[PDB]
């Protein structure tokens, strides 16, 4: 009664560390884009569950998840072996802090992510309502290597032409991939590129200010710590709590061991 069992519909491995899967969505699972649920498997006769951002949008028929693969991680050491037709467990009470309703009004929305932390923004960039709220939405995704830029084709080619969303996306979404460990046009960590001025110059926007710029952050605990400092120094005020407005919102992409 705490979870539903759903059939897996697709599985795609981007790298040795990242994969995407989709599954049937229960008719009762309503959610706000950006929220997370619990996802898992039956293991040793009991559910084995972990928090996962819903990567699909709430208007989409199926669920999508973007997942790490940790070879000695209790869940994903098993989850990495999903096949089409397998069963996964999905919980029933979505929650989380990455909800657009909690943002103060602004002109620009920075979606700042590393690694699998792009996951809630796969959902939010498919929310038609976010595009009316901002003049520009800047999806920043930092990863180690070019191969780790999962969804590169979605954001450079597909989404601007989307039959439902393209008229909203094409003039407003700016995709800013960052690669830290090999040659690339945006090189290093998003924190350094924001402080140095390079990110703003590349995208053609003015420096972040408290009147115009809002953000959502999803990444490692260390990335959140460093990125919060950057935004605080720019003069932004974090939301103190779910349901309370702020200039920016944060959520941990995982918990350190």
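Numbering follows the first chain given and starts at 1.
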Name the higher of the two by mean Cα B-factor in the PDB entry, 153-161 versus 113-121. 153-161
Going by the entry, of stretches 40-48 and 227-235 the one with greater average Cα B-factor is 40-48
Reading the B-factor column for Cα atoms of 187, 108, 126, 78, the highest value belongs to 78
Based on what the PDB entry reports, which of 32, 26, 213, 64 has the top C-alpha B-factor? 26
Taking the C-alpha B-factors as the PDB entry records them, is residue 249 in the lowest, middle or highest third of its chain? lowest
Where does residue 218 sit by CA temperature factor within its chain: lowest, middle or highest third? lowest
State the tercile, meaning the lowest, middle or highest third, of residue 101 with respect to the CA B-factors recorded for its chain. middle
Sorting the chain's modelled residues by C-alpha B-factor and splitting them into thirds places residue 169 in the middle
Going by the recorded CA B-factors, say which third of the chain residue 136 sits in, lowest, middle or highest. middle
